[PDB]
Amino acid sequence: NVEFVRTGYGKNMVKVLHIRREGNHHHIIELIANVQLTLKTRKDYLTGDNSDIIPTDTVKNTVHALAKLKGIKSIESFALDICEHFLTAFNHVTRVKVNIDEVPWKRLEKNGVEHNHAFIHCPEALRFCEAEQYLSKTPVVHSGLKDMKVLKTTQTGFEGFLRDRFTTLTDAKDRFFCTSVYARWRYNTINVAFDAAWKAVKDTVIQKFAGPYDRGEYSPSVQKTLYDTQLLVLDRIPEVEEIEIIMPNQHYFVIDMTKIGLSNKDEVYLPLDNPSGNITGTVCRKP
């Protein structure tokens, strides 16, 4: 024979919007939710016995209901509520994992004035989270951002690297740096101001990336920029225990025009989709 390494089932792509009407003032949150369950029994896989299966339509129905019953403050707490539900409202469930994405609605805003009930879509950075809980254990939550495409046109360089027989790249004291940042962090407590924690992380990444809006900040290696950002998050948000960052390097190359008799000294650039540099890192607090 064989041996199970891992099982799970659930409903994916459960889209939902929750509204809270105050005055004429509406609060809105829309997300796409994915829930996975692990069972104590594997008779479902072994012999096709369905008697312990919560039907995927039902888990769909449950997410909708919990939205009504518990309400939705943040994507994280909702995830935690879904988790706790499947672990306490049932007995044969050993593990539940919720991954949800938030739909980036932004309240319409004419300088300081905010519309009571109109919103526009602004994918600046995309918010997501995950909450995973084992039966009778304290839950684990990750939060993160993705697709934050930022661009700086100077105060970046790359020099003094290893040259080998396959190397053709020449040194550069100045070059574009364009990325689409992805970040994912684990919390040390279930007790966090999630909305606020999130904002802080985001603001940190953009900040160490851009530096002072005046003179900028020179960055000599995206590795070092990446590490410096990690450390800054860990100081500002004590409840973050671990942080992972992915920074693609989406290239803009100066178009050489000598073969057509023009001298293009860094006016016109060719944005190149593929391929792309990729720079990663995951750091945690010394236990």
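The first residue of the shown sequence is 1; numbering continues from there.
When 228-236 is weighed against 254-262, 228-236 comes out higher, by mean CA B-factor as recorded in the entry.
Between the stretches 37-45 and 64-72, it is 37-45 that shows the larger average CA temperature factor. The residue among 157, 144, 216, 104 whose C-alpha carries the highest B-factor in the deposited model is 216. Annotation for 277, 10, 271, 23: 23 ranks highest, by Cα B-factor. Sort the chain's modelled residues by C-alpha temperature factor and residue 167 lands in the middle third, per the entry. Residue 206 sits in the middle third of its chain by CA B factor, as recorded in the PDB entry. Compared with the other modelled residues of the chain, the Cα B-factor recorded for residue 81 ranks in the lowest third. When the modelled residues of the chain are ordered by their C-alpha B factor, residue 220 lands in the highest third.
Per the deposited record, the Cα B-factor of residue 173 falls in the highest third when ranked against the other modelled residues of its chain.
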